[PDB]
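Here the Cβ is made from the backbone with ideal geometry for all residues, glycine too, and neighbour counts use every protein chain on show. Please treat every number below as a calculation from the coordinates, not as lab data.
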Amino acid sequence: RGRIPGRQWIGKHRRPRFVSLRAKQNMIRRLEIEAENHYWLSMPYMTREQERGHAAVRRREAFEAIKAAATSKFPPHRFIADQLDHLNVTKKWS
Amino acid sequence: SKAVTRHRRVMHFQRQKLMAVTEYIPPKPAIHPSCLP
Amino acid sequence: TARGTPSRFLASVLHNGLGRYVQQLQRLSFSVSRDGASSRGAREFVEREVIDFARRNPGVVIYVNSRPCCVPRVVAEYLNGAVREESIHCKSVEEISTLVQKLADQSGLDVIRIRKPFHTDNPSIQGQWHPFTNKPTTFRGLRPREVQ
Amino acid sequence: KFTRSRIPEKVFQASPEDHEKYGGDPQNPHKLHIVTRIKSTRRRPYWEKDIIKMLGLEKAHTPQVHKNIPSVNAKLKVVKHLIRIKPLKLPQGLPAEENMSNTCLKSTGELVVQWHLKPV
Amino acid sequence: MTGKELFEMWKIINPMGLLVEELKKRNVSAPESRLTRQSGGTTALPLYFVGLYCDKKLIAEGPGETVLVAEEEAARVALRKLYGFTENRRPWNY
Amino acid sequence: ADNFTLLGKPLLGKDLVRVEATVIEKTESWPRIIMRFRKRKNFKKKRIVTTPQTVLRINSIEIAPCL
Amino acid sequence: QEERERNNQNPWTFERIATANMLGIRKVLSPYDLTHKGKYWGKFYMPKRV
Amino acid sequence: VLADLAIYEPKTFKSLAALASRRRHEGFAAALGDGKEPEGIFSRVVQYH
Amino acid sequence: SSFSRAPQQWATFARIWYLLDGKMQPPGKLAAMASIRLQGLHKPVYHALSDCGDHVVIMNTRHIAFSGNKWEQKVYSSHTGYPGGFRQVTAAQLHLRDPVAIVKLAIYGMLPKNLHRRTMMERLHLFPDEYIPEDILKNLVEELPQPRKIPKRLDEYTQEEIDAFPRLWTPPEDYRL
Amino acid sequence: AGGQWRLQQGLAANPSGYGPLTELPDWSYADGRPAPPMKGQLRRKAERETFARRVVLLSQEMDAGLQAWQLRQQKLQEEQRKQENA
RNA sequence: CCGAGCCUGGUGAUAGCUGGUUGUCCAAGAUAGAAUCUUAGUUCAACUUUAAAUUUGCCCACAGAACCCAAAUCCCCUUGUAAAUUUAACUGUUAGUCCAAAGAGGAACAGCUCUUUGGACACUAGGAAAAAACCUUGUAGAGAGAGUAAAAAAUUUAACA
Ligand SMILES: [Mg+2]
Ligand SMILES: [Mg+2]
Ligand SMILES: [Mg+2]
Ligand SMILES: [Mg+2]
Ligand SMILES: [Mg+2]
Ligand SMILES: [Mg+2]
Ligand SMILES: [Mg+2]
Ligand SMILES: [Mg+2]
Ligand SMILES: [Mg+2]
Ligand SMILES: [Zn+2]
């Protein structure tokens, strides 16, 4: 007795989940935070034409720095010291 | 399943929470309008 | 694994912290090979900073064997008699130095799981808790529902 | 079907009592939005998650500064439900070069330029 | 010595007799032992608390399985308190 | 102490107390094992760590009359 | 109906929450919901709903 | 630490419980009148900068 | 402290004999508290490995009262083991047969479902009437208070309370009553 | 617990975030000497300086854009003046 | 052990078919479709990976994009950010399930089937009872520290002159 048809959370007939005041409080909190977010999003500080052409310089320097870092790709340097330090394994006290 | 159904199609939990929070909160005075007034 | 491995309660040797602190690493015995690319690290360590090690730590004693070995070893025993064998085979000098320094810092007691990260021989003040601490008494000591 | 939701601009039109309660003066408005991520980027569309990635808020509970300008407010509107925002407060003026190091934030959205680390 | 207390190092006999001897050396009356609290008296695990009171004033309380164990433990407590070797005493200075 | 105590808001004054503690030993912690395993996917990996640990002993505590 | 939707003390109404999209609820919702705000579910109609 | 304190020195934990009860009473007085009153003495807070 | 080690341990982990009276109390609350004390949660030294339980005894289970129409609503059900042995008895008849079974099974449900449940149920004690064997009305410690109050009856309300209580309305004289 | 109260009072919801419980030094030499800064505090402070420099640059760029708009509007004014003078 | 014997050789017969496939550690990584004696497969495209050259790449601001007879979309300077294209070399995936939404078929049935936008799963963790697909939540460790997230169903019913 007490069986559910098929799976418990899907299909034409499922186990009916219900709401709790815990979830109600949680969601009202989320949405009131979102309402104050709307408020603070309002009243901008500058206009489109005011803010049009100020950051293009910084964006340009950023993109050219990225280009330089990407172009800077080569093999590393090789050195006689790094090569010949492999000879140091056969040392022994005389 | 389909949108319109013969039975009441059980809805998503988020939606059911939203509908359970959104109701007509009747504006009542602190005093009942019969005994005092 | 904790249940497979033994355990101990945290403790110090002889209560070293109260009195004068003493470096309770007693002895080191290095076994190195003249030949062998594996013993190059030990040889260069003995060259540079084993002298400085002994001079920094006069209390400890150091023996060097310098005998043919396919693998260089370091043996160290502590005040308790705790033995510690370690293999420095194919090991760099800076990490060998850190190893020796940590052995000098380490005490004479084998490393295993510690049940408790502290130890207080005088834990309880104001009297240990018993069930009758936080409840009152009765007039001339009467149990509930008792005439005399 | 599910699509990018257009927001009517009338939503972002403050009322007199809204001003009175939030203490946000429309005249002489703030300049900078402190932002923090409250919601999971999972179970969210690719545009929302990659937009917050572009803004640079992969890490939660991390106050990050953006401008108060329409181009950014667009993305902020798009991912508004995922974030707690608040404008920047400072009584002590901009941080001087001498006080670059003794800076500290507050839960009230304020930025103290000096941090003496002891009570009044 | 810091760890173990007195009577693990220095065993004694007739602690209550030694206690009355000490109290009469200090010129006070011979106190009486009185059970303050008890539980499970008929139970297989009797538990008693004995207090040593002089002139209607207490000096030491002691738990015990039985009355004798409780009173001798209270005598030991009084001895520790008198000699000043209470576990809550000033640690050794360095 | 046995009959009193002093609370901070949050912490007490510096010169009011003086808590001296000595370091006694530094060691590698006993080897702690961490492995991740998944089912029917040949995903198995093991790793062993030896976290460093230090031991202190508190020598003495004293109180100043400065209230 | 009109006086109830005028005099409801709830500061939160389906039209507001939907036109705002304050929790991505347009996911669970339909575009028809914008005009079928709360009263409708498929063919049904709850007049008490607001 | 609250646990081991209540274990080994119950007098201090009883002091803490009395402190908490008094703070509850101060909070109730504040719930009655938030301002327009002298704030609780223990409810007073420290300002750091 | 300045106590000895073994006596200190003994007094710390010792057992306690709690008593309660079941005169007009709810078995729900009574079993909740009895479970707390049997587990020994009230001891701040509680951990599952040490059986820090305490003996509990309750009196006058016969004079127990539920909240609601539970005397009829509730159904204590048990299967004997044979076919058709699926017996059910309402709380009323189950009480008439055995007045303690209600409270003991209530605590049986309250307590954890580990094998310690049976041991703690053994430690529990039970009496439908205000009478006790000598040993276990002797070896007691303390009688903690009851969860709820008992409302007074008209014969119990003194006269001065009635006089202090103001009368609310004036009846007309012409009325049979 | 109490994080909301700490926030309404002005402190961090988590005491480990900021304040005297976490920013102060955790140890000092018995002789009274100052201990070296720990890596957590060092990285937090570096992050704070980066944050502050970012705030400064952002505000400077916003003010520069506003000033550039003002200059461009003045240009437009003076060039209309030129036009009707022609 | 005869739908046509047993033995040997070709013969290690072939098999898109089943099964199996050995030491340690790390990183990136399921992704439109077309043709096929083709749908248990394969080839190409796409996706994924690797190493390099180059520069624009994602979000996008006004404006712009049909007569017939709705949610959104395309392009798109700025701004926010750092990726994208091309080149050289292959492999593998290419029989997919639920949910929300727009539709069709069906019975306005299916844990049904088929397309589209999106999400999750086939990767870890907490919760709804156990629970793939529901809600929170992702970059990995030691802790005998702390603050939060989603997170517990409420209902009792009809007198009448
Ligand atoms: Mg099933
Ligand atoms: Mg659908
Ligand atoms: Mg044949
Ligand atoms: Mg073959
Ligand atoms: Mg095939
Ligand atoms: Mg990976
Ligand atoms: Mg573009
Ligand atoms: Mg299907
Ligand atoms: Mg199906
Ligand atoms: Zn009335």
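Of all DSSP beta bridges in the protein assembly as shown, what percent run antiparallel (nearest 5)?
80
Going by C-beta contacts inside 10 Å, put B:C35, I:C52 in order with the fewest on the left.
B:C35, I:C52
Anyone know which of C:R84, C:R73, C:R113 comes out most mobile in the 10 Å Cα GNM of chain C?
Maximum fluctuation in the GNM of chain C, among the listed residues, is at C:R113.
How big is the charge dipole of the protein assembly as shown about its Cα centre, in debye rounded to the nearest 20, if each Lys and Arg gets +1 on its Cβ and each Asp and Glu gets -1 on its Cβ?
5500
With the dipole of chain I worked out from charges on the C-beta (+1 for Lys and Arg, -1 for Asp and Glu) around the Cα centre, which of I:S2, I:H79, I:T12 lies farthest toward the positive end?
I:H79
Hey, what did chain E get for relative contact order, percent, Cα under 8 Å, at least 6 apart?
20
Is there a simple number for the mean count of other chain Cβ atoms within 10 Å of the Cβ of residues in D:84-91, and what is it?
3
For a quick check, take a GNM of chain C with Cα springs below 10 Å and name the residue from C:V93, C:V50, C:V22 with the largest mean-square fluctuation.
C:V22
Can you tell me the length gained on complete extension of the stretch A:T90 to A:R78, counting 0.36 nm per residue apart and subtracting the Cα distance?
On the way: separation 12, 0.36 × 12 = 4.32 nm, distance 2.23 nm.
Additional length available on full extension: 2.1 nm.
Looking at chain I, what % of its DSSP beta bridges pair antiparallel, to the nearest 5?
Taking every DSSP beta bridge with both residues in chain I, the antiparallel ones total about 35 percent.
Taking the inverse of the average 1/r across all pairs of different Cα atoms in chain A, what Kirkwood radius in Å do you get?
23.2
What percent does the relative contact order of the range D:1-117 come to when contacts are Cα pairs within less than 8 Å and at least six residues apart?
For the range D:1-117, the relative contact order is 25 percent.
Could you list the trypsin sites (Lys or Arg not before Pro) in the range C:20-69 that lie in coil according to DSSP, counting only those with at most 15 other Cβ atoms within 10 Å of their Cβ?
Here the trypsin sites (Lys or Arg not before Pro) that fit, given the DSSP loop and packing criteria, are C:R20, C:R34.
Quick one: give the max-minus-min coordinate of the C-alpha atoms of the protein assembly as shown along each principal axis, largest first, in Å.
130, 125, 72
Is the shape of the range D:1-117 rounded, prolate or oblate, going by the alpha carbon gyration tensor and its root eigenvalues a ≥ b ≥ c, with a/c under 1.5 for rounded and a/b larger than b/c for prolate?
It is oblate, given that a/c is not under 1.5 and a/b is not larger than b/c.
With point charges of +1 on the Cβ of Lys and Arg and -1 on the Cβ of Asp and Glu, referenced to the Cα centre of the range C:1-87, which listed residue (C:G4, C:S31, C:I62) lies farthest in the positive direction of the dipole?
Result: C:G4.
What is the dipole size for the range J:2-86, taken about its Cα centre, with +1 at each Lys and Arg Cβ and -1 at each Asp and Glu Cβ, in debye to the nearest 20? Present the calculation step by step, with values, prior to reporting the outcome.
Working: 13 positive and 10 negative charges, 34 e Å.
Using only the charged Cβ atoms, the result is roughly 160 debye.
222 nm [θ] for chain I, helices only, -39500 (n - 2.57) per DSSP H run of 4+, per residue, to 500?
Value at 222 nm, helices only, nearest 500: -9000 deg cm²/dmol.
Kindly flag which residue pairs out of B:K17/F:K39; E:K11/I:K138; F:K45/J:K39; I:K43/I:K113; I:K113/I:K138; C:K102/J:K45 have an alpha-carbon separation exceeding 27 Å in this structure.
Violating the 27 Å Cα-Cα cut-off are B:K17/F:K39; E:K11/I:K138; F:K45/J:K39; I:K113/I:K138; C:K102/J:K45.
Roughly what angle does helix E:67-83 make with the longest principal axis of chain E, taking Cα atoms, 0 to 90 degrees, to the nearest 10?
20
Nearest 10 degrees is fine. How inclined is helix I:101-110 to the longest principal axis of chain I, computing both from alpha carbons?
60
Would you mind getting me the FRET efficiency between G:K43 and I:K113? Use the beta-carbon distance for r and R0 = 60 Å, nearest 0.05.
For G:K43 and I:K113, the calculated efficiency is 0.80.
If you take the beta carbon distance between I:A65 and I:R5 as r and set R0 to 41 Å, what does 1/(1 + (r/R0)^6) give as a FRET efficiency, to the nearest 0.05?
Values: r = 48 Å, r/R0 = 1.18.
Once rounded, the FRET efficiency stands at 0.25.
Please work out the FRET efficiency for the pair F:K26 and F:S60, using the Cβ-Cβ distance as r and a Förster radius of 22 Å; give the result to the nearest 0.05.
Working: r = 23 Å, r/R0 = 1.03.
It comes to 0.45.
For the Cα atoms of chain H, what angle does the longest principal axis make with the long axis of helix H:10-32, in degrees from 0 to 90, nearest 10?
Once rounded, one gets 20 degrees.
State the antiparallel share, in %, of DSSP beta bridges confined to the range D:1-117, rounding to the nearest 5.
90
With label points built 7 Å along Cα→Cβ from the Cα atoms of F:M35 and E:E22, find their separation and express it in nm.
Inter-label distance under the simple model: 6.0 nm.
Run the dipole for the range D:1-117 about the Cα centre, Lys and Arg Cβ at +1, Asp and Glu Cβ at -1, nothing else charged, and hand back the magnitude in debye, nearest 20.
It works out to roughly 1000 debye.
Using label points projected 7 Å from each Cα along Cα→Cβ, tell me how many nm separate D:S40 and J:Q41, to one decimal.
Taking the two extended label points, one gets 3.8 nm.
With point charges of +1 on the Cβ of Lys and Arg and -1 on the Cβ of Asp and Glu, referenced to the Cα centre of chain C, which listed residue (C:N80, C:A42, C:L18) lies farthest in the positive direction of the dipole?
Farthest along the dipole direction, towards plus: C:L18.
Would you mind giving the mean number of other chain beta-carbons within 10 Å of the Cβ of each residue in C:110-123, as a whole number?
The mean count of partner-chain Cβ atoms within 10 Å per residue comes to 3.
Can you compute 3J(HN,Hα) from phi for each residue in the range J:33-49, using the Karplus curve 6.51 cos²θ - 1.76 cosθ + 1.60 with θ = phi - 60°, rounded to whole Hz and x for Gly and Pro?
Whole-Hz 3J(HN,Hα) from phi for the range J:33-49: 6, x, 7, x, x, 7, 5, x, 5, 4, 5, 4, 5, 4, 4, 5, 5.
In the Gaussian network model of chain I, springs joining C-alpha atoms below 10 Å, which of I:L124, I:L19, I:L49 carries the largest mean-square fluctuation?
Between I:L124, I:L19, I:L49, it is I:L49 that shows the largest mean-square fluctuation.
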